[PDB]
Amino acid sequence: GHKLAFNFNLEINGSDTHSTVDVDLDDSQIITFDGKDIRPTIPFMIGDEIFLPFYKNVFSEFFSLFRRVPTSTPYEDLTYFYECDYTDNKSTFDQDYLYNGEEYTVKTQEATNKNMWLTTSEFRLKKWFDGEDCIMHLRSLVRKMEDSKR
């Protein structure tokens, strides 16, 4: 089978912040995004004019839609992992939320970056890119990868 994974990371360490996304096809990175620019990291993605520009928009909006509140807390690392899997013509999905590297799933009452991240990450990703899209992208990307002259 095949899987397409998106790993969103927002690292707030004191005064500087880093926004990054990694796109992995079958546990191999094919695209990366540094908060500003997107780029291919595998030969078969070079020159792509369909997925790169689409992801650049989805990724930028993912972060710019997150209403992070300033904190006295000096360090906050937020991760959102989203993976679709196409195996035996069956579509399955998996998603994880990490706060400082630790998985969590439970929302609390207080207004925090941790809670907002948990309740809005999937939302902010799926605005233009739902599960069915991820599967169709996955199948299209498997096609490119298998037809790679490299």
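Numbers follow the displayed sequence, beginning with 1.
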{"property": "Higher-scoring stretch by recorded Cα B factor average, 9 to 17 or 125 to 133", "result": "9 to 17"}
{"property": "Higher-B stretch (mean Cα B-factor, as the entry records it), 43 to 51 or 108 to 116", "result": "108 to 116"}
{"property": "Third of chain Cα B-factors occupied by residue 64", "result": "middle"}
{"property": "Record-listed C-alpha B factor of residue 37: chain third", "result": "highest"}
{"property": "Relative C-alpha B-factor of residue 26, binned into the chain's lowest, middle or highest third", "result": "highest"}
{"property": "Chain thirds of CA B-factor: placement of residue 89", "result": "highest"}
